[PDB]
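J.: Below are the structure tokens for one structure; questions will follow.
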Amino acid sequence: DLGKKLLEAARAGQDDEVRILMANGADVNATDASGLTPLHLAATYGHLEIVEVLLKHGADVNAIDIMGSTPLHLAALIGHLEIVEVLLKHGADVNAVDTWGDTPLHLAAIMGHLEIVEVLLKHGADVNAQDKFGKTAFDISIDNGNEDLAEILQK
Amino acid sequence: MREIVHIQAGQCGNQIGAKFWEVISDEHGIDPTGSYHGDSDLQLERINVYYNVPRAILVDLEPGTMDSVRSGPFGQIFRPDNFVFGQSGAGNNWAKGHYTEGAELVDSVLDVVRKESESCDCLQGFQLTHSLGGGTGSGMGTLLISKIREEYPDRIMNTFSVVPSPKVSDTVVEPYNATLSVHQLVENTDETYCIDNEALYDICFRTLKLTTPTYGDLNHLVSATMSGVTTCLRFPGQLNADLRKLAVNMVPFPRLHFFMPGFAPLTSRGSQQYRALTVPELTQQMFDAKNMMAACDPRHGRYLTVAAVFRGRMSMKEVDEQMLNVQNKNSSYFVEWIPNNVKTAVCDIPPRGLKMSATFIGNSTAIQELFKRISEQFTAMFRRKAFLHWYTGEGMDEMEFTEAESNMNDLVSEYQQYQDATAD
Amino acid sequence: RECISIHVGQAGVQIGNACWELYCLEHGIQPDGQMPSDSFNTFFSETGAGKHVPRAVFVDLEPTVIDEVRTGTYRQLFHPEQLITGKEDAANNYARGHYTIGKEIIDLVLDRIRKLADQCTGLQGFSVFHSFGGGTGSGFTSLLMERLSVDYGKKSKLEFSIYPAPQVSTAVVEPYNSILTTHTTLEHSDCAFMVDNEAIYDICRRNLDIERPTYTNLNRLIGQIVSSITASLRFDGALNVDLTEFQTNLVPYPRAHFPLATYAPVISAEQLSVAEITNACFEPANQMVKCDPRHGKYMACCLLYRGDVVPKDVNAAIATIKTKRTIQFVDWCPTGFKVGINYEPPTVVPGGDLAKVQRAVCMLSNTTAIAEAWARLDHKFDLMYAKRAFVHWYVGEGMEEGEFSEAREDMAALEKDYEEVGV
Ligand SMILES: Nc1nc2c(ncn2[C@@H]2O[C@H](COP(=O)(O)OP(=O)(O)OP(=O)(O)O)[C@@H](O)[C@H]2O)c(=O)[nH]1
Ligand SMILES: Nc1nc2c(ncn2[C@@H]2O[C@H](COP(=O)(O)OP(=O)(O)O)[C@@H](O)[C@H]2O)c(=O)[nH]1
Ligand SMILES: [Mg+2]
Ligand SMILES: [Mg+2]
């Protein structure tokens, strides 16, 4: 399966061998087992050139997986500021929700990616968005002792 | 699936048997010395089926038959070892052929059968010619069949059995012998061509206008039918190629494997056929009950399966049209619950004498008429218990007759059941 | 890269000859194996002496057909260990092909496949050629497919089945054999292209202008359409470049994996436009399986053009048919027509009744109307099994009678599976 080799590459980060596999017509939106496209995997492990290659060949920027995770979720979780702005520029879902009720703003706030938090907010993030337990991004800064984040959330 | 071993047993067995070898030796271009003087490759393409010299074994308790064969035209070609003959005759006693005298010799026969099969690349099966009203052809033949069936159970058993009729011999024990023999064939053979002397006489008498038919006259009709039905086996061809494939497409129920053969056109002994028939004419010799080698009316029953063999140069397009025609224009006579049950095949080499010919092998439920005749004659004889001391003296039990009587009647009922069956 | 072809029964073997004859002309390979001239080595291997050998196995339970291969025009092309023959055939009996006779040679056959797979580095899967009504074609194939799903389970397997037709039918029991193999080979096949011998007969009588076609006539026509499907694998095209892509594009349901193939143009040897040939792909007369797609819903649709084709002409002909005909799709489909092109011209055989055409197209479409073909087999099957006709032959060769019913239920369930998708 050529859609499975393109996931192997986009994950481990062999920039050159993506172009090889894609020139062989590999499925840009090929799902693995839990529904993760190559754009998901590259946006998780920080391979910026592989993200922009897949997006311009037609990668579902707002593709979800078995747990409702968009690539912007995973980029905002791990903290890849370079990739976050690339996805948003390609029409990413700034207020996407996943199976646990989190938005990308929730994940960037939990992991302390203050520089990414400000990017999401300026792209119209839902500051008052709630999760399953009922907590906003502002509640996380209150609960987690981060006053640098509380100030960045009320800006 | 290549070689076929042939056997002939009893007087009739060796008569129509030798006649068969005369016919197909010519058709394949073999002389009585055993040398090829033909002029075509389609002839030696599948000569390995019946020849090596014929792969033929000659059997009879009557030792005289030995010379009646060797003093015949192609009598020189048969292997001397393959002659296996007894001292005395059976004298129309099925028990003598099946239990006493025929049993003592049957071992010697199996020894030669083994020898011929031993040197076969890939055996297909066996082929027996014999009469059913006799003592040797019926009693020892059916005993030979069972003895081979158990020594060669992975092979086909194909018999050319001729039915007795009062019109050819006034011996009244023939209903006994034939009934006992039918009780064997329904259990022991994969396919059996039913040659009815009743029908051979009625054809030589009424259609060929011969006031007194001889054996030779009836034997001419037989040998010509045999080469016709064995045309597929002896020449290259797609359909019904080997013995097993034939039986697979002809016999839907194991006990109902008694074919009603018939072929066209009906010629006399060495007469001249002025105008070669047309394809629609040949085709209209199927339902024509005056062409059936068994004395049965296809109109009175239904066809389960049909195999047609057209020999000669003719239009494959026209044959297909005429066969597809005659099927649906008589759609009530072919069973509906077996789709595409009629199968046609063509062979470019015609039979010698005729420009075109057509043989019509059919599993018709009308064949129950034939078994009715034998059973009524058997029962009339058996209810008065005539000539039973012959058979019982040779070790047979009176019960056997009742079982064969009942077993043949069950065979008749089965044919009647599928005749009245419906697809709905 | 590589792909192994297997040919079972006279149908498989004799269609194989027609295809490898046509493959060697398309690749300029000589009958002796040489080449005065990669993408094509998906199908062929190479000797140290510059000789190109097919990656193929031929199987028949009886010599005659394969004997003509090793004494024919292409006797030097195959290694003698690739051509395998038994002695006793299956006699139009699935049981003998599968149980009695097939078990005597299955191990030798699987062993000779390993020798070709050991020569290969990144083996893709298997192409399988066989009849339906044949005893060998039905029984032995279904057995071999079971064992290949073990010894090579993690790879693809594609079928090329010969759907039976009374006009060339050799057996009464061909409905039985078809149902029986389709039951046991359903789980083990990823995709399967049916070929109705009636359509190939109809086509040869109308467009090739032949009164009574022979097997060579039908096989040559078949080999052309098979070549059109495998062209993407042999020349490195854009569409369907490997065996997985066939399932991706054409199979949105593991069970319903039976595409309808339509091929145009079929020109007698005694030029058309891109638009004209694409309209003929939606004409039932040029289908390989006799049915009416207008009575069914499309699950997918690919177009494989080859020859003098301008990519813009294709898009016009697509828009024409997408606007001027009403091709109904299912709602859960991309409903967009996939396309691929290979600029090499369709090769014909020197002497063939088929003429060299400038361009050609082969439309592969998984329509639900192909269920009509299954309905015709099931009906014939039902009539004979209602009286248990011919069943004793099968039961007497190692087969349980229940297997008949278990197969029929799997065919009835498949007819419901086609219905529910198209409503
Ligand atoms: N299109 C096409 N069909 C064929 C060809 N050969 C046989 N068939 C069809 O296949 C069906 C079964 O015949 P075979 O394939 O020869 O049977 P087999 O596979 O050799 O099996 P056995 O002979 O019983 O051992 C028949 O209905 C034929 O119409 C062929 O060369 N081309
Ligand atoms: N068609 C035909 N039937 C025969 C011939 N000879 C005998 N019969 C029939 O066979 C029966 C007699 O059996 P027969 O073969 O002579 O006895 P056997 O020598 O013990 O086998 C009678 O019904 C005869 O009509 C023959 O040459 N041709
Ligand atoms: Mg005698
Ligand atoms: Mg065969």
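Every residue number used here counts from 1 along the chain in the order it is shown.
Heads up, the Cβ atoms here are built off N, Cα and C, so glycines get one too.
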J.: Can you pick which of B:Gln11, B:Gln284, B:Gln285 Swiss-Prot lists for the same GTP site as B:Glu62, B:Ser131, B:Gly135, B:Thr136, B:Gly137, B:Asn197, B:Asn219?
T.: B:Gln11
J.: Write down the single range among B:1-4, B:125-128, B:309-312 that appears in Swiss-Prot as motif 'MREI motif'.
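T.: Result: B:1-4 is the stretch Swiss-Prot calls motif 'MREI motif'.
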J.: Return only the integer: C-alpha distance in Å from B:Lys317 (ubiquitin cross-link) to B:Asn197 (GTP binding site).
T.: 36
J.: If one looks at the chain holding B:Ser165 (phosphoserine), which residues at least 6 apart in sequence have a CB under 8 angstroms from its CB?
T.: B:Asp196, B:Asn197, B:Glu198, B:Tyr201, B:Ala295
J.: Select, from B:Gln11, B:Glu62, B:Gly135, B:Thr136, B:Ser165, B:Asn197, each of the recorded positions with a Cβ positioned under 6 A from at least one atom of ligand 3; if none does, say none.
T.: B:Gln11, B:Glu62, B:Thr136
J.: Write out the long-range same-chain contacts of B:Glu62 (GTP binding site), meaning residues 6 or more apart in sequence whose Cβ is under 8 Å from its Cβ.
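T.: For B:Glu62 (GTP binding site), the qualifying residues are B:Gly10, B:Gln11, B:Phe85, B:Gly86, B:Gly89, B:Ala90, B:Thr136.
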J.: Restricting the comparison to the modified residues B:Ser40, B:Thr278, B:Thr283, B:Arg311, which residue's C-alpha is spatially nearest the C-alpha of B:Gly137 (GTP binding site)?
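T.: With Cα distances computed to B:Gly137 (GTP binding site), the winner among B:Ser40, B:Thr278, B:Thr283, B:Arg311 is B:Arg311.
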J.: I'd like the Cβ neighbour count for B:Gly137 (GTP binding site), meaning other Cβ atoms within 10 Å of its Cβ, all protein chains included.
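T.: There are 33 such Cβ atoms around B:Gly137 (GTP binding site).
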J.: Among the recorded positions B:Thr136, B:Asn219, B:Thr283, B:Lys317, say which ones reach under 8 Å of chain C by Cβ distance, listed as they appear in sequence.
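T.: Answer, by Cβ distance to chain C: B:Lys317.
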J.: Among B:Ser131, B:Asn197, B:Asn219, B:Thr283, all listed as recorded positions, which has the most CB atoms within 10 Å of its CB?
T.: B:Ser131
J.: I'm trying to understand the geometry here, so how far is the Cα atom of B:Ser131 (GTP binding site) from the Cα atom of B:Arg311 (omega-N-methylarginine), in Å to the nearest whole number?
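T.: So the alpha carbons of B:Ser131 (GTP binding site) and B:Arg311 (omega-N-methylarginine) sit roughly 28 Å from each other.
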J.: Filter the recorded positions B:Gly135, B:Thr136, B:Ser165, B:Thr278, B:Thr283 down to those with CB closer than 6 A to an atom of ligand 2; keep them in sequence order.
T.: B:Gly135, B:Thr136
